[PDB]
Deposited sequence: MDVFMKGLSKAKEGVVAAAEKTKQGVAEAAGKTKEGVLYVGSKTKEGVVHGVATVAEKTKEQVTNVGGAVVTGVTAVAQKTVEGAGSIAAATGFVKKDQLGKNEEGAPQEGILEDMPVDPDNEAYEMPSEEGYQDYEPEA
């Protein structure tokens, strides 16, 4: 029973963004899952993932955001 329910019932500068970036070398890998000689691996990533030399996450969840995750195994 992995249920994620989100409801949004709705009846000057807002959220204005300025970014200036100057990079010479950049290595960004984000979400990564590496397995070497591994017998068993389970990985789950949910939600907002902002990454990089200049990472800005503004006003990410204004309304309703549900992240339900059942990660794992059964023997």
| query | What's missing from the model if you number the deposited sequence from 1? | reply | 1-13, 25-32, 97-140
